[PDB]
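One file, data30.csv, carrying CSV, C-alpha atoms:
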```csv
chain,number,residue,atom,x,y,z
A,3,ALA,CA,136.7,74.5,73.3
A,4,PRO,CA,135.3,71.3,75.0
A,5,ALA,CA,138.5,71.2,77.1
A,6,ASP,CA,137.8,74.8,78.3
A,7,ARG,CA,134.9,74.0,80.7
A,8,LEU,CA,136.0,70.5,81.7
A,9,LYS,CA,137.6,71.4,85.1
A,10,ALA,CA,134.5,73.2,86.3
A,11,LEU,CA,132.4,70.4,84.9
A,12,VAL,CA,134.3,67.4,86.5
A,13,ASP,CA,134.5,69.3,89.8
A,14,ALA,CA,130.8,69.8,89.9
A,15,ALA,CA,130.2,66.2,89.0
A,16,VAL,CA,132.7,64.8,91.5
A,17,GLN,CA,132.9,66.9,94.7
A,18,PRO,CA,129.2,66.8,95.8
A,19,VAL,CA,129.4,63.0,95.4
A,20,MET,CA,132.7,62.7,97.2
A,21,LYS,CA,131.2,64.7,100.0
A,22,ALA,CA,127.9,62.8,100.2
A,23,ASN,CA,129.7,59.4,100.2
A,24,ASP,CA,132.8,60.4,102.3
A,25,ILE,CA,135.1,59.2,99.5
A,26,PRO,CA,138.7,59.8,100.6
A,27,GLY,CA,140.3,59.9,97.2
A,28,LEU,CA,139.1,59.8,93.5
A,29,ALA,CA,140.9,60.1,90.1
A,30,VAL,CA,139.2,60.9,86.9
A,31,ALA,CA,140.6,60.5,83.5
A,32,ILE,CA,138.8,61.6,80.3
A,33,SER,CA,139.8,61.1,76.7
A,34,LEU,CA,138.3,63.8,74.4
A,35,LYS,CA,139.2,63.1,70.7
A,36,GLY,CA,142.2,61.2,72.1
A,37,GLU,CA,143.4,64.0,74.2
A,38,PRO,CA,143.8,62.8,77.9
A,39,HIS,CA,142.6,65.1,80.8
A,40,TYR,CA,143.2,64.1,84.4
A,41,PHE,CA,141.5,65.4,87.6
A,42,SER,CA,142.6,64.1,91.0
A,43,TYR,CA,140.8,64.6,94.2
A,44,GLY,CA,141.7,64.0,97.8
A,45,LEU,CA,143.8,61.2,99.4
A,46,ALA,CA,145.2,57.8,98.3
A,47,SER,CA,146.0,57.2,101.9
A,48,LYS,CA,144.7,59.0,105.0
A,49,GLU,CA,147.3,57.6,107.4
A,50,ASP,CA,150.2,58.8,105.2
A,51,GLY,CA,148.5,61.9,103.7
A,52,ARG,CA,149.5,60.8,100.2
A,53,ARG,CA,147.4,62.7,97.5
A,54,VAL,CA,145.7,60.9,94.6
A,55,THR,CA,147.5,61.5,91.3
A,56,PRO,CA,146.8,60.1,87.7
A,57,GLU,CA,149.5,57.4,88.7
A,58,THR,CA,147.9,56.3,91.9
A,59,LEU,CA,147.0,52.6,91.8
A,60,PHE,CA,143.4,51.6,92.6
A,61,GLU,CA,141.8,48.2,92.8
A,62,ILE,CA,139.2,48.2,89.9
A,63,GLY,CA,137.5,45.1,91.0
A,64,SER,CA,135.1,43.8,88.3
A,65,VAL,CA,136.3,46.3,85.7
A,66,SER,CA,139.0,43.5,85.6
A,67,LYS,CA,136.4,41.4,83.7
A,68,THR,CA,137.0,43.6,80.6
A,69,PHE,CA,140.7,42.6,80.7
A,70,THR,CA,139.7,39.0,81.2
A,71,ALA,CA,137.4,39.3,78.2
A,72,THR,CA,140.2,40.8,76.1
A,73,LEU,CA,142.4,37.7,76.8
A,74,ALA,CA,139.5,35.5,75.7
A,75,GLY,CA,139.1,37.7,72.6
A,76,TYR,CA,142.7,36.9,71.9
A,77,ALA,CA,142.1,33.2,72.3
A,78,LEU,CA,139.1,33.4,70.0
A,79,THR,CA,141.0,35.4,67.3
A,80,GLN,CA,143.8,32.8,67.4
A,81,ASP,CA,141.3,29.9,66.9
A,82,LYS,CA,142.1,28.3,70.3
A,83,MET,CA,138.5,28.3,71.4
A,84,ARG,CA,135.1,29.2,70.2
A,85,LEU,CA,132.2,30.7,72.2
A,86,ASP,CA,130.1,27.6,71.5
A,87,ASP,CA,132.8,25.2,72.9
A,88,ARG,CA,131.6,23.1,75.8
A,89,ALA,CA,133.4,24.3,79.0
A,90,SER,CA,134.9,20.9,79.8
A,91,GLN,CA,136.6,20.8,76.3
A,92,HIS,CA,139.2,23.1,77.8
A,93,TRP,CA,139.5,21.4,81.2
A,94,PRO,CA,139.5,17.6,81.1
A,95,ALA,CA,139.0,17.5,84.9
A,96,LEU,CA,135.6,18.9,84.2
A,97,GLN,CA,134.5,16.1,81.8
A,98,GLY,CA,131.5,14.3,83.1
A,99,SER,CA,130.2,17.2,85.1
A,100,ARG,CA,127.4,19.8,84.3
A,101,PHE,CA,130.1,21.7,82.4
A,102,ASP,CA,129.9,19.2,79.6
A,103,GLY,CA,126.6,21.0,78.8
A,104,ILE,CA,127.7,24.7,79.5
A,105,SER,CA,129.3,26.8,76.8
A,106,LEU,CA,132.1,29.3,77.1
A,107,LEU,CA,129.6,32.0,76.1
A,108,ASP,CA,127.3,31.0,79.0
A,109,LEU,CA,130.2,31.4,81.4
A,110,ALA,CA,131.3,34.8,79.9
A,111,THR,CA,127.8,36.2,80.1
A,112,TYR,CA,126.6,34.8,83.5
A,113,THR,CA,124.1,32.5,81.9
A,114,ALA,CA,125.5,29.1,82.9
A,115,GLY,CA,122.5,28.4,85.2
A,116,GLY,CA,123.0,30.4,88.4
A,117,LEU,CA,126.6,30.1,89.4
A,118,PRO,CA,126.6,32.3,92.5
A,119,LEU,CA,127.8,35.9,92.8
A,120,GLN,CA,130.9,34.7,94.7
A,121,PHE,CA,132.4,31.4,95.4
A,122,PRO,CA,131.3,29.9,98.7
A,123,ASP,CA,133.5,30.8,101.6
A,124,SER,CA,134.9,27.3,101.9
A,125,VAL,CA,136.5,27.6,98.5
A,126,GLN,CA,140.2,28.5,98.9
A,127,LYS,CA,142.6,29.8,96.2
A,128,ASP,CA,143.6,26.3,95.2
A,129,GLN,CA,143.4,24.5,91.9
A,130,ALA,CA,141.8,21.3,93.3
A,131,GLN,CA,139.3,23.0,95.5
A,132,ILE,CA,138.2,25.2,92.5
A,133,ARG,CA,138.1,22.1,90.3
A,134,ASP,CA,136.1,20.1,92.9
A,135,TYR,CA,133.7,23.0,93.3
A,136,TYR,CA,132.8,23.0,89.6
A,137,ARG,CA,132.6,19.2,89.4
A,138,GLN,CA,130.0,19.1,92.2
A,139,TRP,CA,128.0,22.1,91.2
A,140,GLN,CA,124.3,21.7,90.4
A,141,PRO,CA,122.4,24.4,88.4
A,142,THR,CA,119.7,26.6,89.6
A,143,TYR,CA,118.4,27.4,86.1
A,144,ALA,CA,118.6,26.0,82.6
A,145,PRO,CA,121.8,27.2,80.8
A,146,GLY,CA,121.2,30.3,78.5
A,147,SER,CA,118.0,31.3,80.3
A,148,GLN,CA,118.8,33.5,83.2
A,149,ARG,CA,121.5,36.1,83.8
A,150,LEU,CA,123.0,35.9,87.4
A,151,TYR,CA,126.1,38.1,87.7
A,152,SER,CA,128.9,35.8,88.9
A,153,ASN,CA,132.6,35.7,89.6
A,154,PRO,CA,132.8,31.9,89.5
A,155,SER,CA,131.2,32.2,86.1
A,156,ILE,CA,133.4,34.8,84.2
A,157,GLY,CA,136.2,33.5,86.4
A,158,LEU,CA,136.0,30.1,84.8
A,159,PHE,CA,135.7,31.6,81.3
A,160,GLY,CA,139.0,33.5,81.8
A,161,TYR,CA,140.7,30.4,83.4
A,162,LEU,CA,139.5,28.3,80.4
A,163,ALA,CA,140.7,30.9,77.9
A,164,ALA,CA,144.1,30.7,79.4
A,165,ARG,CA,144.2,26.9,79.3
A,166,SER,CA,143.2,27.1,75.6
A,167,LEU,CA,146.3,29.3,75.2
A,168,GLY,CA,148.4,26.7,77.0
A,169,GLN,CA,149.6,29.1,79.8
A,170,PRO,CA,148.4,30.3,83.3
A,171,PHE,CA,146.1,33.2,83.3
A,172,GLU,CA,148.3,35.5,85.3
A,173,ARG,CA,151.3,35.0,83.0
A,174,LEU,CA,149.3,35.6,79.9
A,175,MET,CA,148.0,38.8,81.3
A,176,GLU,CA,151.3,40.0,82.6
A,177,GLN,CA,153.6,39.0,79.7
A,178,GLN,CA,151.2,39.3,76.7
A,179,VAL,CA,148.0,41.2,77.3
A,180,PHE,CA,149.2,44.2,79.3
A,181,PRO,CA,152.4,44.7,77.1
A,182,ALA,CA,150.2,44.4,74.0
A,183,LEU,CA,147.9,47.2,75.2
A,184,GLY,CA,150.9,49.3,76.3
A,185,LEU,CA,150.1,49.3,80.0
A,186,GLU,CA,153.0,49.6,82.3
A,187,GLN,CA,151.1,50.6,85.5
A,188,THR,CA,148.6,47.7,85.5
A,189,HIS,CA,149.1,44.7,87.7
A,190,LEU,CA,147.4,41.6,89.0
A,191,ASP,CA,150.0,41.6,91.9
A,192,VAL,CA,151.6,45.0,92.5
A,193,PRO,CA,155.4,44.6,92.3
A,194,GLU,CA,157.6,45.9,95.2
A,195,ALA,CA,158.8,48.9,93.1
A,196,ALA,CA,155.2,50.1,92.7
A,197,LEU,CA,153.7,49.6,96.2
A,198,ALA,CA,154.2,53.2,97.2
A,199,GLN,CA,151.6,54.0,94.5
A,200,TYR,CA,149.0,51.5,95.8
A,201,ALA,CA,146.2,53.5,97.4
A,202,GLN,CA,144.6,52.3,100.7
A,203,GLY,CA,141.0,51.3,100.3
A,204,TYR,CA,138.4,52.3,102.8
A,205,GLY,CA,135.4,50.5,104.1
A,206,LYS,CA,132.7,51.1,106.7
A,207,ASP,CA,134.0,53.4,109.6
A,208,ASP,CA,137.1,54.0,107.4
A,209,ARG,CA,138.4,50.5,108.0
A,210,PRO,CA,141.5,50.3,105.6
A,211,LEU,CA,141.2,47.4,103.3
A,212,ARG,CA,143.1,46.0,100.3
A,213,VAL,CA,141.8,42.9,98.5
A,214,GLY,CA,142.9,39.5,99.7
A,215,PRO,CA,143.6,36.4,97.7
A,216,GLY,CA,140.6,34.5,96.5
A,217,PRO,CA,139.8,31.6,94.0
A,218,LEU,CA,140.1,33.0,90.4
A,219,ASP,CA,140.6,36.5,91.9
A,220,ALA,CA,142.8,37.4,88.9
A,221,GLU,CA,140.1,36.6,86.4
A,222,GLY,CA,137.2,38.3,88.2
A,223,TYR,CA,138.5,41.2,90.1
A,224,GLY,CA,142.3,41.2,90.3
A,225,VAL,CA,143.6,44.3,88.5
A,226,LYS,CA,145.2,47.2,90.1
A,227,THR,CA,145.8,50.1,87.8
A,228,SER,CA,146.1,54.0,87.6
A,229,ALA,CA,143.6,56.2,86.1
A,230,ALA,CA,146.1,57.1,83.3
A,231,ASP,CA,146.6,53.4,82.4
A,232,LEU,CA,142.9,52.5,82.6
A,233,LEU,CA,142.3,55.5,80.2
A,234,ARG,CA,144.9,54.0,77.8
A,235,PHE,CA,142.8,50.8,77.9
A,236,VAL,CA,139.7,52.8,77.2
A,237,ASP,CA,141.5,54.5,74.3
A,238,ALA,CA,142.5,51.1,72.9
A,239,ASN,CA,138.8,50.1,73.1
A,240,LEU,CA,137.8,53.3,71.3
A,241,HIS,CA,140.4,52.6,68.5
A,242,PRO,CA,141.2,48.9,68.4
A,243,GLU,CA,142.5,49.4,64.8
A,244,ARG,CA,145.4,51.4,66.2
A,245,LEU,CA,146.8,48.1,67.6
A,246,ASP,CA,148.8,45.2,66.0
A,247,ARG,CA,146.0,43.3,64.2
A,248,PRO,CA,145.8,40.2,66.6
A,249,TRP,CA,145.0,42.6,69.5
A,250,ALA,CA,142.6,44.8,67.5
A,251,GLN,CA,140.5,41.8,66.8
A,252,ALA,CA,140.7,40.7,70.4
A,253,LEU,CA,139.3,44.0,71.5
A,254,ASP,CA,136.7,43.8,68.7
A,255,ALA,CA,135.5,40.5,70.2
A,256,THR,CA,134.6,42.3,73.4
A,257,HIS,CA,132.4,44.7,71.5
A,258,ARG,CA,129.7,42.2,70.4
A,259,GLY,CA,126.3,42.1,72.2
A,260,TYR,CA,124.6,38.7,72.9
A,261,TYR,CA,121.3,39.4,74.6
A,262,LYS,CA,119.5,42.2,76.4
A,263,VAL,CA,118.3,42.6,80.0
A,264,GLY,CA,116.0,45.8,80.2
A,265,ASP,CA,118.1,48.5,78.4
A,266,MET,CA,121.4,46.7,78.8
A,267,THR,CA,123.0,44.6,76.0
A,268,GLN,CA,125.6,42.1,77.5
A,269,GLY,CA,129.0,41.8,75.8
A,270,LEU,CA,132.1,39.8,76.9
A,271,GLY,CA,132.9,42.1,80.0
A,272,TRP,CA,131.4,45.3,78.6
A,273,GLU,CA,127.7,46.1,79.0
A,274,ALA,CA,126.1,48.4,76.5
A,275,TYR,CA,123.3,51.0,76.2
A,276,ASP,CA,121.8,53.1,73.4
A,277,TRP,CA,123.2,56.6,73.7
A,278,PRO,CA,121.7,59.0,74.5
A,279,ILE,CA,119.8,57.4,77.3
A,280,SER,CA,118.4,59.0,80.5
A,281,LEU,CA,120.3,59.2,83.8
A,282,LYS,CA,117.7,57.1,85.5
A,283,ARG,CA,117.8,54.3,82.8
A,284,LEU,CA,121.5,54.1,83.0
A,285,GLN,CA,121.5,53.9,86.8
A,286,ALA,CA,118.8,51.2,86.6
A,287,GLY,CA,121.1,49.2,84.2
A,288,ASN,CA,123.8,49.5,86.9
A,289,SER,CA,121.5,48.9,89.8
A,290,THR,CA,121.9,46.5,92.8
A,291,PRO,CA,119.1,44.3,91.5
A,292,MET,CA,120.8,44.0,88.1
A,293,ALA,CA,123.9,42.7,89.9
A,294,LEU,CA,122.3,40.6,92.6
A,295,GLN,CA,119.1,39.2,91.2
A,296,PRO,CA,118.5,36.7,88.4
A,297,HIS,CA,117.0,38.1,85.1
A,298,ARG,CA,115.4,36.6,82.0
A,299,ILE,CA,117.4,37.4,79.0
A,300,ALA,CA,116.1,38.6,75.6
A,301,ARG,CA,118.5,36.7,73.3
A,302,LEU,CA,119.5,38.5,70.1
A,303,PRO,CA,119.0,36.6,66.8
A,304,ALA,CA,122.7,37.4,66.0
A,305,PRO,CA,125.6,39.1,67.9
A,306,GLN,CA,125.3,42.9,67.6
A,307,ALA,CA,128.3,45.1,67.0
A,308,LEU,CA,128.5,47.5,70.0
A,309,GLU,CA,129.5,50.6,67.9
A,310,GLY,CA,128.1,54.0,66.9
A,311,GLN,CA,125.5,55.6,69.1
A,312,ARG,CA,126.1,53.3,72.1
A,313,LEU,CA,127.7,53.7,75.5
A,314,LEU,CA,129.8,50.8,76.8
A,315,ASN,CA,130.5,50.7,80.5
A,316,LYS,CA,131.6,48.6,83.4
A,317,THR,CA,131.4,49.1,87.2
A,318,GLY,CA,133.8,47.3,89.5
A,319,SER,CA,134.2,47.2,93.2
A,320,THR,CA,136.2,45.5,96.0
A,321,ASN,CA,135.6,45.9,99.8
A,322,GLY,CA,137.6,49.1,99.8
A,323,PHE,CA,137.3,50.5,96.2
A,324,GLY,CA,134.7,51.6,93.6
A,325,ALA,CA,135.6,52.0,89.9
A,326,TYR,CA,133.6,52.9,86.8
A,327,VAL,CA,134.6,53.1,83.1
A,328,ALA,CA,132.5,54.3,80.2
A,329,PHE,CA,133.2,55.1,76.5
A,330,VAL,CA,131.0,56.3,73.6
A,331,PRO,CA,132.6,55.1,70.3
A,332,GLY,CA,130.3,57.6,68.4
A,333,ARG,CA,131.5,60.6,70.3
A,334,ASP,CA,135.1,59.4,70.7
A,335,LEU,CA,134.8,59.9,74.3
A,336,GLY,CA,136.2,57.9,77.1
A,337,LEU,CA,136.0,58.2,80.9
A,338,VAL,CA,137.4,56.5,84.0
A,339,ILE,CA,136.4,57.3,87.6
A,340,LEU,CA,138.4,55.4,90.3
A,341,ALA,CA,137.8,55.8,94.0
A,342,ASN,CA,139.2,54.2,97.3
A,343,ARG,CA,135.7,53.7,98.7
A,344,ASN,CA,133.1,51.2,97.4
A,345,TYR,CA,130.3,53.9,97.0
A,346,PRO,CA,127.1,53.1,95.3
A,347,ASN,CA,127.0,52.4,91.5
A,348,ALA,CA,124.1,55.0,91.2
A,349,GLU,CA,126.6,57.7,92.4
A,350,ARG,CA,129.3,56.6,90.0
A,351,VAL,CA,126.9,56.8,87.2
A,352,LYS,CA,125.8,60.2,88.5
A,353,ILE,CA,129.3,61.5,88.1
A,354,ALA,CA,129.8,60.0,84.7
A,355,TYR,CA,126.5,61.2,83.4
A,356,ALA,CA,127.1,64.8,84.5
A,357,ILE,CA,130.5,64.6,82.6
A,358,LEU,CA,129.0,63.0,79.4
A,359,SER,CA,125.9,65.2,79.4
A,360,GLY,CA,127.9,68.3,80.1
A,361,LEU,CA,130.2,67.5,77.1
A,362,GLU,CA,127.2,66.8,74.8
A,363,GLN,CA,125.4,70.1,75.7
A,364,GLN,CA,128.6,71.9,74.7
A,365,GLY,CA,128.2,70.7,71.2
A,366,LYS,CA,125.0,72.6,70.2
A,367,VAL,CA,124.8,75.4,67.6
A,368,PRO,CA,124.3,78.7,69.4
A,369,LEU,CA,120.9,80.1,68.6
```
Show how you would write the structure in this file as structure tokens.
Amino acid sequence: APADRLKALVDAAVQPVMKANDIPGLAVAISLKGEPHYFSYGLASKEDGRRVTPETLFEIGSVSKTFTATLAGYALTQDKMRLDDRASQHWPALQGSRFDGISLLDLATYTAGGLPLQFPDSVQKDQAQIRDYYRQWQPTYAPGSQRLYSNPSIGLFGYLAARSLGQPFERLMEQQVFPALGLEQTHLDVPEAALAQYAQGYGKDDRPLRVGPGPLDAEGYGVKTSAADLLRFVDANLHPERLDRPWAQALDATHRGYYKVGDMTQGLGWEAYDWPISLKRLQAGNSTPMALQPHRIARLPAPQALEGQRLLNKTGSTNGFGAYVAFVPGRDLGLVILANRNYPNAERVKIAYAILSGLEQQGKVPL
């Protein structure tokens, strides 16, 4: 019965937004009690007229941070690191710098002291240049005091998690994490045999854009994946216990809240809200000032399990793409919305909310 009204519902949620934001192409995937439903709209590539399907690859941008967090959860589970480790414990080249005093949890949750949203332009994809950047960096704020959303920050957390496991990040992801989650259409670097599925991204004036290489790009924003595979990842998050125990615990470690900013509780990768919550409060939690400005944290006495009546989500963008994922453990409901335009987070949340709230309304006793 909830599946009955879903096409009308997703179309009403999606198409007005696609029109208002000139989105060429967009794929939705929803898990409702573990049944997958897909809805594809428009074009993966304008030039070649290729339609979006559930197998189209999209750049998911910062949604990649939840995969990064899962690898870290693995390292935690395997006793290779702890969240209270000093950063420089896992990279001797950092010993003597400010990262002697910054914890892994600080890096993971953007509280190291104001690491910038992006690396400076002058920092190339090069081990020494990244190392030298961290060695010379001086903080804006005290560690643990301010949240400033930051690629160098969770970037370093992933890179450190990988060193703790004794292997490069990309290899760990490609040979262990993606195979462990059963994801065969998920890539940090799209192989030759899959390039035909890689959507074009579209920027301002329909400039075609696909993400270029960047320092710690893999860790922060590197994943390309299909709506069907990202939904599989969401489904693993909904039911971690359906995985081989080391990976169940790894997912579980990404479902623990450390502090609040407004209505949002910060996890490793995932950000969480009480459910239900209003549309406007969820958009505020996903607002440009949330991402771009520093905020004072409300630290929780103890890590909070992000379970029950909670919604966990992550937005992610690149210059050409805009992704959003959300799941509600207490409704057994997951959702992925992938587009080849970076359109505003408030509109992504608008689509998701229409879907989530449409599905909830359906559950009432007829009176």
| message | I want to know what sits within 9 Å of residue 147 (chain A), based on only C-alpha atoms, with residues of the same chain fewer than 3 positions away left out; could you give that as a PyMOL selection string? | response | chain A and resi 113-115+143-144+297-301
| How many Å lie between CA of residue 266 (chain A) and CA of residue 320 (chain A), rounded to one decimal? |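 We find that CA of residue 266 (chain A) and CA of residue 320 (chain A) lie 22.7 Å from each other.
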| task | Kindly provide, as a ChimeraX atom specification, the polymer residues lying within 12 Å of (133.6, 20.5, 91.4), counting all atoms listed in the file and using the coordinates exactly as they appear in the file. | result | /A:90,93,95-101,121,125,129-140,154,158
| message | Counting all atoms listed in the file, which residue out of A:14, A:56, A:178, A:76 sits closest to residue 30 (chain A)? | response | A:56
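Nearest to residue 151 (chain A) of all the residues A:57, A:50, A:349, A:108 is A:108, counting only C-alpha atoms.
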| field | From A:286, A:356, A:196, A:62, residue lying nearest residue 223 (chain A) [all atoms listed in the file] | value | A:62
| request: Please identify all polymer residues within 12 Å of residue 262 (chain A), counting all atoms listed in the file, omitting same-chain residues fewer than 3 positions from it, and present them as a list in words. | output: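 So the residues in contact are residues 111, 147, 148, 149, 258, 259, 265, 266, 267, 268, 269, 273, 274, 275, 276, 287, 292, 297, 298, 299, 300, 301, 302, 303, 304, 305 and 306 of chain A.
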| said: Just want the 7 Å neighbourhood of region 207-218 of chain A, counted on all atoms listed in the file, with same-chain residues fewer than 2 positions away dropped. Output as a ChimeraX atom specification. | reply: /A:125-128,132,157,202-205,220-222,320-322
| task | Would you please work out which residue, of A:103, A:75, A:184, A:170, is nearest to residue 233 (chain A) when using only C-alpha atoms? | result | A:184
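Nearest to residue 86 (chain A) of all the residues A:351, A:32, A:107, A:71 is A:107, counting only C-alpha atoms.
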| field | Nearest residue to residue 227 (chain A) from the set A:7, A:206, A:189, A:165 (distances using only C-alpha atoms) | value |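 Residue with the minimum atom-to-atom distance to residue 227 (chain A): A:189.
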| CA of residue 309 (chain A) and CA of residue 78 (chain A) are how many Å apart? |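 It comes out at 19.8 Å.
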Would you kindly identify which residues have an atom no farther than 12 Å from (120.0, 52.0, 89.4), using all atoms listed in the file and the file's own coordinates, and write them out as a short mmCIF file (atom, residue, chain, number, x, y, z; two decimals) with C-alpha atoms, in the coordinates of the input?
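result-v4.cif written:
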```cif
data_model
loop_
_atom_site.label_atom_id
_atom_site.label_comp_id
_atom_site.auth_asym_id
_atom_site.auth_seq_id
_atom_site.Cartn_x
_atom_site.Cartn_y
_atom_site.Cartn_z
CA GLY A 264 116.00 45.80 80.20
CA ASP A 265 118.10 48.50 78.40
CA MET A 266 121.40 46.70 78.80
CA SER A 280 118.40 59.00 80.50
CA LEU A 281 120.30 59.20 83.80
CA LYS A 282 117.70 57.10 85.50
CA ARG A 283 117.80 54.30 82.80
CA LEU A 284 121.50 54.10 83.00
CA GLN A 285 121.50 53.90 86.80
CA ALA A 286 118.80 51.20 86.60
CA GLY A 287 121.10 49.20 84.20
CA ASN A 288 123.80 49.50 86.90
CA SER A 289 121.50 48.90 89.80
CA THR A 290 121.90 46.50 92.80
CA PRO A 291 119.10 44.30 91.50
CA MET A 292 120.80 44.00 88.10
CA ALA A 293 123.90 42.70 89.90
CA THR A 317 131.40 49.10 87.20
CA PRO A 346 127.10 53.10 95.30
CA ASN A 347 127.00 52.40 91.50
CA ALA A 348 124.10 55.00 91.20
CA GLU A 349 126.60 57.70 92.40
CA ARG A 350 129.30 56.60 90.00
CA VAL A 351 126.90 56.80 87.20
CA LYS A 352 125.80 60.20 88.50
#
```
Expected axis-aligned box over every listed atom of region 72-78 of chain A, 8 Å added per side, centre plus edges in Å to one decimal, as AutoDock Vina command-line options:
```
--center_x 140.9 --center_y 37.0 --center_z 73.4 --size_x 19.6 --size_y 23.6 --size_z 22.8
```
| query | How many Å separate CA of residue 270 (chain A) from CA of residue 16 (chain A)? | reply |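 According to the coordinates, CA of residue 270 (chain A) and CA of residue 16 (chain A) are separated by 29.0 Å.
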| request: Write out as a list in words each polymer residue whose atoms come within 10 Å of residue 28 (chain A), counting only C-alpha atoms; drop sequence neighbours fewer than 5 positions from it. | output: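 The neighbour list is residues 16, 17, 20, 41, 42, 43, 44, 45, 46, 53, 54, 55, 56, 58, 60, 229, 323, 324, 325, 339, 340, 341, 342 and 343 of chain A.
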Extract, using only C-alpha atoms, all DNA, RNA and protein residues at most 12 Å from residue 185 (chain A), discarding same-chain residues fewer than 3 positions from it, and format them as a compact mmCIF listing (two decimals) with C-alpha atoms, in the frame of the given file.
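Output contents, as saved in selection_7.txt:
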```txt
# COMPACT_ATOMS: atom_id res chain seq x y z
CA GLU A 57 149.50 57.40 88.70
CA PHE A 69 140.70 42.60 80.70
CA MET A 175 148.00 38.80 81.30
CA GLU A 176 151.30 40.00 82.60
CA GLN A 177 153.60 39.00 79.70
CA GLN A 178 151.20 39.30 76.70
CA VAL A 179 148.00 41.20 77.30
CA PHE A 180 149.20 44.20 79.30
CA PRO A 181 152.40 44.70 77.10
CA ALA A 182 150.20 44.40 74.00
CA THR A 188 148.60 47.70 85.50
CA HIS A 189 149.10 44.70 87.70
CA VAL A 225 143.60 44.30 88.50
CA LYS A 226 145.20 47.20 90.10
CA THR A 227 145.80 50.10 87.80
CA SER A 228 146.10 54.00 87.60
CA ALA A 229 143.60 56.20 86.10
CA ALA A 230 146.10 57.10 83.30
CA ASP A 231 146.60 53.40 82.40
CA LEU A 232 142.90 52.50 82.60
CA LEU A 233 142.30 55.50 80.20
CA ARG A 234 144.90 54.00 77.80
CA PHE A 235 142.80 50.80 77.90
CA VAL A 236 139.70 52.80 77.20
CA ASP A 237 141.50 54.50 74.30
CA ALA A 238 142.50 51.10 72.90
```
Kindly add N, CA and C atoms to the incomplete region 69-80 of chain A and provide the output as a short mmCIF file (atom, residue, chain, number, x, y, z; two decimals), in the frame of the given file.
```cif
data_model
loop_
_atom_site.label_atom_id
_atom_site.label_comp_id
_atom_site.auth_asym_id
_atom_site.auth_seq_id
_atom_site.Cartn_x
_atom_site.Cartn_y
_atom_site.Cartn_z
N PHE A 69 139.39 43.10 81.02
CA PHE A 69 140.70 42.60 80.70
C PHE A 69 140.64 41.14 80.44
N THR A 70 139.83 40.47 81.27
CA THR A 70 139.70 39.00 81.20
C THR A 70 139.04 38.70 79.80
N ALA A 71 138.02 39.45 79.46
CA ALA A 71 137.40 39.30 78.20
C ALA A 71 138.34 39.56 77.01
N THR A 72 139.30 40.45 77.18
CA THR A 72 140.20 40.80 76.10
C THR A 72 141.18 39.59 75.81
N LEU A 73 141.59 38.90 76.90
CA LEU A 73 142.40 37.70 76.80
C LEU A 73 141.58 36.69 76.04
N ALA A 74 140.32 36.46 76.46
CA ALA A 74 139.50 35.50 75.70
C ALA A 74 139.27 35.89 74.26
N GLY A 75 139.24 37.19 73.97
CA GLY A 75 139.10 37.70 72.60
C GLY A 75 140.27 37.28 71.77
N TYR A 76 141.45 37.43 72.40
CA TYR A 76 142.70 36.90 71.90
C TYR A 76 142.67 35.40 71.54
N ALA A 77 142.29 34.58 72.52
CA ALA A 77 142.10 33.20 72.30
C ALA A 77 141.13 32.83 71.14
N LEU A 78 139.99 33.53 71.09
CA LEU A 78 139.10 33.40 70.00
C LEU A 78 139.64 33.76 68.64
N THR A 79 140.31 34.90 68.54
CA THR A 79 141.00 35.40 67.30
C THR A 79 142.10 34.43 66.79
N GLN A 80 142.77 33.76 67.73
CA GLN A 80 143.80 32.80 67.40
C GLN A 80 143.29 31.35 67.22
#
```
